[PDB]
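Single-structure report; data block below.
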Ligand SMILES: CC(=O)SCCNC(=O)CCNC(=O)[C@H](O)C(C)(C)COP(=O)(O)OP(=O)(O)OC[C@H]1O[C@@H](n2cnc3c(N)ncnc32)[C@H](O)[C@@H]1OP(=O)(O)O
Ligand SMILES: CCCCCCCCOCCOCCOCCOCCOCCO
Ligand SMILES: CCCCCCCCOCCOCCOCCOCCOCCO
Ligand SMILES: CCCCCCCCOCCOCCOCCOCCOCCO
């Protein structure tokens with residue numbers, strides 16, 4: 001053949017068409033390691049040298065196209081000076097650039113996952129065919145760096161600035177439907193007819209029907225945006241990200257500055273820009289380990305895969321208790337192709353559930369987003385019941401009974417005698433130990449914790465609280481079942497407050513202290529919202545409910561008395577003892593007066609000051625900068641404790657749980673990454689001046705240990 | 001003297017501008033609202049045979065549901081207007097209603113009709129703006145998507161010309177204040193056509209004022225609002241932005257010839273028409289280009305214009321336009337003397353003829369000769385019209 | 001010789017008419033389809049500076065989702081057309097595209113612009129017709145609701161003039177046959193602009209023909225279909241009705257003056273424009289009134305017209321229109337020689353300029369002098385245009 005490497009086999013085909021195949025012999029996936037990039041060079045030069053070639057088709061002999069890059073072998077090639085680094089990436093880009101300069105049609109038949117460098121290889125070709133069951137994206141940002149193989153060059157000119165900035169800055173994966181809409185892909189087909197599409201497409205490029213040359217041009221010249229249109233596009237992008245990324249900007253805020261500069265440039269000059277900025281991130285922002293974020297993701301994609309195919313298929317499901325949480329779990333399970341049973345004790349309950357599930361379905365149809373025929377299927381998927389007669393074929397059962405250790409145990413143990421023995425049981429509790437509930441059951445191995453967040457259809461995160469006697473198969477099935485319901489599950493070990501909530505209140509502890517220090521909460525949340533948080537502390541408290549937060553406080557206090565048991569009336573007790581129960585009541589830190597069906601208003605009133613007076617113990621002065629510390633430090637440290645006590649298994653999972661749950665500023669990474677954004681050694685120093693506030697601001701021993709060692713959580 | 005094919009605006013009648021968030025029109029369709037207006041306006045002028053109406057040009061933007069399927073004809077069919085007449089709906093976002101006036105004007109001038117019924121309508125209550133929107137990703141390949149958000153453009157154009165939060169809020173106060181005055185003094189009695197509606201209690205009654213107006217609007221109350229399109233460092237607030245308003249505006253137009261024959265005194269006469277384009281990012285700057293083109297076509301200098309009506313989309317955009325038009329120091333003397341879209345609301349498909357109609361009443365009332373009505377349009381456009389009192 | 005302000009059609013270009021039910025345009029937005037067309041058409045004419053385009057008048061009906069928010073500008077911004085130009089969307093249901101041609105025409109004549117880019121688009125695949133419809137009950141107080149159902153009107157108009165099931169099916173056959181003929185012989189090569197699309201296998205390829213055409217359409221195959229709008233005694237079948245088609249049509253227009261200056265030979269010249277109204281119940285009769293008005297303004301007799309383009313809404317309506325126009329016995333000699341909406345589909349906001357554009361190609365190809373393009377409109381309307389080859 002033309003070329004037979006260990007990673008790439010350039011095989012010939014009909015009509016002079018050649019097929020460059022990616023198949024890393026020996027490994028499970030394809031990736032751009034040293035060996036691969038080297039063989040690509042040899043492959044491209046081979047095809048390039050061969051004048052009989054009339055086209056090139058790029059494929060993969062794996063389940064995935066080409067995943068990320070195994071950066072572990074590029075690390076030594078980052079410690080070099082910025083010149084020997086830029087020129088380094090430049091030389092690497094010469095490959096793709098040349099492949100892009102091949103005087104012949106080139107198509108990329110994407111069969112599976114094409115992330116990071118994998119997609120950059122595709123962006124190089126002229127045309128791109130994709131299987132409807134595939135995904136593509138540039139998650140480089142999660143590593144503190146942005147595309148280094150022409151990603152910031154081709155994507156922006158291929159799909160458009162706004163679309164590129166979005167795809168890159170976020171680093172989100174994209175399905176066929178979405179990839180086709182923004183025109184990142186040119187044709188989506190079923191997995192079976194992928195090869196035929198690539199072949200049929202190439203031939204149409206050769207015949208001259210399709211102008212492969214005209215399609216390539218867009219990513220070789222300047223952007224089509226006006227000088228003015230650029231100012232608007234970039235400044236808005238930079239601005240929005242600047243506010244939610246904050247001071248230590250990884251790939252987000254930089255990626256845009258790289259595109260804004262290389263805007264009026266062509267490929268070659270744009271590559272230089274991309275390379276230059278890439279060096280800056282690696283030697284500054286990400287020097288405090290890019291290795292960690294990467295390997296951490298590596299562990300996850302494999303973990304999520306191990307869980308993925310040992311997991312039991314959930315064809316039939318059911319939920320205990322209708323109404324609020326039950327109607328949601330039933331809705332989500334129904335809208336994602338999973339027949340669910342709404343079990344309850346009284347007819348009045350089923351009514352509430354069916355009603356809420358109906359209100360959501362009609363909500364989309366009454367505007368145009370859901371098909372009337374679709375609402376029918378979803379509704380039929382949900383099957384009401386007041387007994388366990390049909391629980392015979394249910395694979396996974398979820399509990400939503402009232403918050404009561406005793407009650408939940410009775411209910412759980414009850415259903416266990418009406419389902420298969422190999423069926424998995426899961427509680428949705430939030431303040432009760434899973435390891436405690438499991439004791440009632442006679443099959444604890446199948447019992448775990450599946451935590452949803454109100455509203456079930458709004459919040460993405462679903463905690464998979466593993467008990468002490470929970471089998472892997474149990475967790476695997478639950479995790480998978482969550483993903484199928486369009487969620488983002490994360491495995492967390494059983495502990496008071498689990499991960500999210502356990503970290504959410506210490507955060508509020510810093511708030512409670514502020515209010516007690518004469519700090520205006522209005523100023524507080526305006527600063528926290530300027531930090532990147534969706535809702536402010538005070539405002540959030542109102543949404544959750546002062547009565548709720550008051551109960552949760554006791555739940556955490558009893559859990560970890562050594563640091564979460566304060567004993568001085570705070571704004572929490574003040575409002576509660578003053579009948580100001582929050583947003584549901586109409587009065588909390590703010591006032592809420594309702595307009596009509598779907599809208600209510602947040603107002604301010606000096607009457608709240610009277611209630612808070614008894615809480616003010618000092619008229620302490622504070623800067624908006626300190627306000628952020630009184631809040632973030634307590635939250636970050638608790639995360640470190642959740643990682644040390646073994647509540648979360650990896651730092652990666654310890655942050656996403658905050659990103660999807662509490663709503664941690666996305667472009668800031670997470671609680672742990674934020675720490676690195678300051679420097680572990682420099683973070684402990686910061687914590688110490690606030691040590692006069694309590695055990696909530698005291699670095700752990702393991703943190704101090706890794707403080708002197710210049711160790712950070714991502715490595 | 002008269003030129004046979006000269007465009008003449010015979011009359012003008014608008015509906016009471018009511019709030020969309022549960023306002024006085026929450027139970028009335030856009031079609032009917034338009035049909036009733038056209039019908040009532042034709043009544044005041046019993047000398048213009050509805051049968052002569054060669055065509056009814058209505059402006060409307062979100063043409064779907066109630067406003068879809070050529071609302072011009074749908075609203076014209078429920079009018080005394082014969083089935084023998086025609087009707088078309090012209091959409092140009094904000095300047096839809098004004099473009100309608102231009103289409104008829106040109107028709108009359110070229111001898112393709114004698115009597116027309118132009119105007120526009122927009123019931124943002126029943127057919128909200130964000131309703132049924134599908135952003136084409138491909139647009140980001142030729143222009144910033146952010147430019148699609150009128151607010152952000154106001155912020156951008158604002159920063160450039162340097163307009164302070166105080167400067168904007170101060171403008172909003174001027175608008176509300178001047179709107180209330182014009183209302184109380186009865187400077188609206190002629191243009192506003194009483195119309196049935198429902199009060200906050202579901203009761204049936206006729207309104208003849210503008211709910212949108214808020215007399216209590218003070219610099220203090222405005223300085224309390226938060227940035228609507230840019231929380232972290234913004235000036236454009238809901239207070240300095242036009243209001244979401246359901247409303248319709250009508251205008252009977254015809255040739256001076258067929259007019260002279262009917263012996264009916266003209267309200268105004270169109271001298272020049274102009275439309276121009278600008279970058280979407282700063283669409284609010286559309287007026288200046290469109291105005292300059294109109295002045296040149298009308299052979300007049302900006303100074304020759306006695307009164308001006310600038311659709312107040314955002315205080316952040318109106319002010320810059322007025323500055324470059326070099327008439328900011330003449331504001332209180334000849335610019336929006338009855339308030340703007342901030343206090344009177346801005347019904348997309350209606351604002352075009354509404355501001356022009358109001359412009360005429362200002363001239364007639366203040367003995368003006370030359371008038372100018374212009375407005376900014378979304379996605380980078382502008383439109384201007386120069387009338388004349390004779 | 002021509003007068004300075006005489007409207008001249010420089011060029012005409014349309015997209016391949018593809019089926020909506022999974023056709024070749026199933027993955028292409030209406031905006032892009034239009035933007036691409038306008039862009040490509042301007043290319044063939046390298047002597048008309050896009051910057052001179054005073055305005056882009058685009059026709060569209062269901063203006064929501066992809067087609068909402070003044071698609072004229074949305075599609076214009078992705079073109080080489082500068083941001084300094086303007087754009088407006090004109091809706092008149094079926095005759096939208098044609099009204100666009102008229103608006104620009106009158107503009108040019110009145111000295112409000114020199115170069116224009118008119119046309120229309122309608123992607124009934126992504127934005128179906130029945131999508132987002134809210135029937136106003138009050139309409140039944142002034143007109144029959146049934147008149148809203150184009151099909152039923154075809155039935156009524158048909159009954160009146162007496163057109164047998166065979167007479168209609170035979171018409172559809174003539175449309176398909178003639179369409180295929182013109183296609184095969186390349187009588188469409190000049191107007192049809194090759195465009196990217198996807199075949200039934202999701203594969204990417206360029207189409208240069210009209211999927212809608214069905215050569216196998218025989219009287220036998222059409223006599224098998226059942227009444228679509230009236231099962232118990234009907235003649236109007238899906239076969240004799242226009243097709244649901246996604247497509248766009250473009251047309252560069254300018255004054256003879258600015259045209260003579262560029263030394264580019266005209267394609268045709270507009271001599272008269274007309275719009276008329278009829279009762280909604282028999283809206284299909286709209287052409288005759290609109291035509292008669294155009295002929296009078298053009299100072300011509302129906303006999304002076306060499307070629308005729310009557311948009312085929314239904315065989316039940318086209319035939320009656322041709323009979324009253326007294327040219328049924330001249331059909332095969334000068335009426336829709338390249339087929340109609342029955343075989344070429346009928347994109348609401350597009351057909352207006354498409355039929356007119358094709359009309360010019362017929363004249364040019366067959367040495368015609370005077371041409372006529374007319375079509376019936378929903379809710380009782382009509383529109384006609386009389387071109388001239390010089
Ligand atoms: C005034 C103006 O300018 S325009 C007036 C407005 N008119 C319109 O918009 C068009 C109106 N037409 C319609 O709404 C639709 O086409 C309808 C309602 C008439 C028909 O739609 P439906 O009820 O869905 O029936 P449908 O379109 O599926 O029928 C297709 C069948 O007819 C057959 N068919 C259609 N045309 C032909 C033909 N020319 N020759 C042979 N068979 C044909 C197809 O083969 C198919 O048969 P199959 O299903 O066995 O494969
Ligand atoms: C999810 C991971 C994202 C992967 C995307 C990869 C982006 C990272 O870029 C890596 C930087 O590249 C450094 C260049 O290496 C220089 C050594 O050259 C290799 C040998 O090739 C020589 C060819 O002549
Ligand atoms: C903080 C601790 C508080 C302890 C509370 C103790 C509660 C113990 O109560 C036991 C649970 O009672 C179960 C109620 O029984 C319901 C039976 O429903 C039968 C429905 O049958 C339907 C047949 O169609
Ligand atoms: C210990 C018992 C106390 C229970 C309180 C649970 C706290 C969780 O709040 C849930 C209610 O949600 C309302 C507030 O919304 C928060 C906004 O977060 C948005 C998440 O953003 C995700 C971005 O990816």
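For this deposited structure, the header notes the method as X-ray crystallography, 3.5 Å.
Placed from the backbone N, Cα and C atoms, the Cβ positions cover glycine too.
Among the features that Swiss-Prot reports, region 'Enoyl-CoA hydratase/isomerase' is placed at A:1-190, with the record citing sequence analysis.
Of all the Cβ atoms in the protein chains shown, 26 others lie within 10 Å of the Cβ of residue A:120 (site 'Important for catalytic activity'). According to DSSP, residue A:120 (site 'Important for catalytic activity') is assigned to a helical segment. According to Swiss-Prot, the site 'Important for catalytic activity' annotation covers A:120 (among others).
Sequence annotations record features per position, and here Swiss-Prot assigns site 'Important for catalytic activity' to A:140 (among others). Within the same chain, the residues at least 6 positions away from residue A:140 (site 'Important for catalytic activity') whose Cβ sits under 8 Å from its Cβ are A:116, A:146, A:147, A:148, A:151, A:168, A:171, A:251, listed in sequence order. Classification of residue A:140 (site 'Important for catalytic activity') by DSSP places it within a helix.
The substrate binding site annotation in Swiss-Prot covers A:297, A:501, A:660, and the record cites experimental evidence as its basis. Taken residue by residue with DSSP, residue A:297 (substrate binding site) is part of a helix. In sequence order, A:68, A:139, A:142, A:143, A:652 are the residues of the chain that are 6 or more apart from residue A:297 (substrate binding site) and have a CB within less than 8 Å of its CB.
Summarising the annotation, Swiss-Prot assigns region '3-hydroxyacyl-CoA dehydrogenase' to A:312-715 and lists sequence analysis as the type of evidence.
With a cut-off of 8 Å between CB atoms and residues at least 6 apart in sequence, the same chain places A:429, A:430, A:431, A:432 near residue A:403 (NAD(+) binding site), listed in sequence order. Positions annotated as NAD(+) binding site by Swiss-Prot: A:325, A:344, A:401, A:402, A:403, A:408, A:430, A:454.
Residues or ranges marked as active site, for 3-hydroxyacyl-CoA dehydrogenase activity in Swiss-Prot (evidence: sequence analysis): A:451. All protein chains included, residue A:451 (active site, for 3-hydroxyacyl-CoA dehydrogenase activity) registers 24 other Cβ atoms within 10 Å of its own Cβ.
Less than 6 Å separates the Cβ from ligand 4 in the case of A:454, drawn from the recorded positions A:120, A:325, A:344, A:408, A:451, A:454 in sequence order. Straight-line distance linking the Cα atoms of residue A:451 (active site, for 3-hydroxyacyl-CoA dehydrogenase activity) and residue A:344 (NAD(+) binding site), rounded to a whole number, equals 19 Å. In the three-state DSSP classification, residue A:325 (NAD(+) binding site) falls within a helix. When the Cα of residue A:401 (NAD(+) binding site) is compared against those of the recorded positions A:120, A:501, A:660, the shortest separation belongs to A:501.
Just so you know, of the binding-site residues A:430, A:454, A:501, the Cβ with the fewest other Cβ atoms around it within 10 Å is the one at A:454. The most densely surrounded of the binding-site residues A:325, A:402 is A:325 (count of other Cβ atoms within 10 A of its Cβ).
In the shown protein chains, 22 other C-beta atoms lie within 10 A of the C-beta of residue A:408 (NAD(+) binding site). Counting Cβ atoms from all protein chains shown, residue A:660 (substrate binding site) has 21 others lying within 10 Å of its own Cβ.
Counting only the Cα atoms, the space from residue A:501 (substrate binding site) to residue A:454 (NAD(+) binding site) is about 13 angstrom. The recorded positions near ligand 2, defined by a Cβ under 6 Å from one of its atoms, are A:140, chosen from A:140, A:344, A:501. Cβ neighbours of residue A:344 (NAD(+) binding site) (same chain, under 8 Å, six or more residues apart in sequence): A:320, A:321, A:322, A:323, A:326, A:350, A:353, A:385, A:386.
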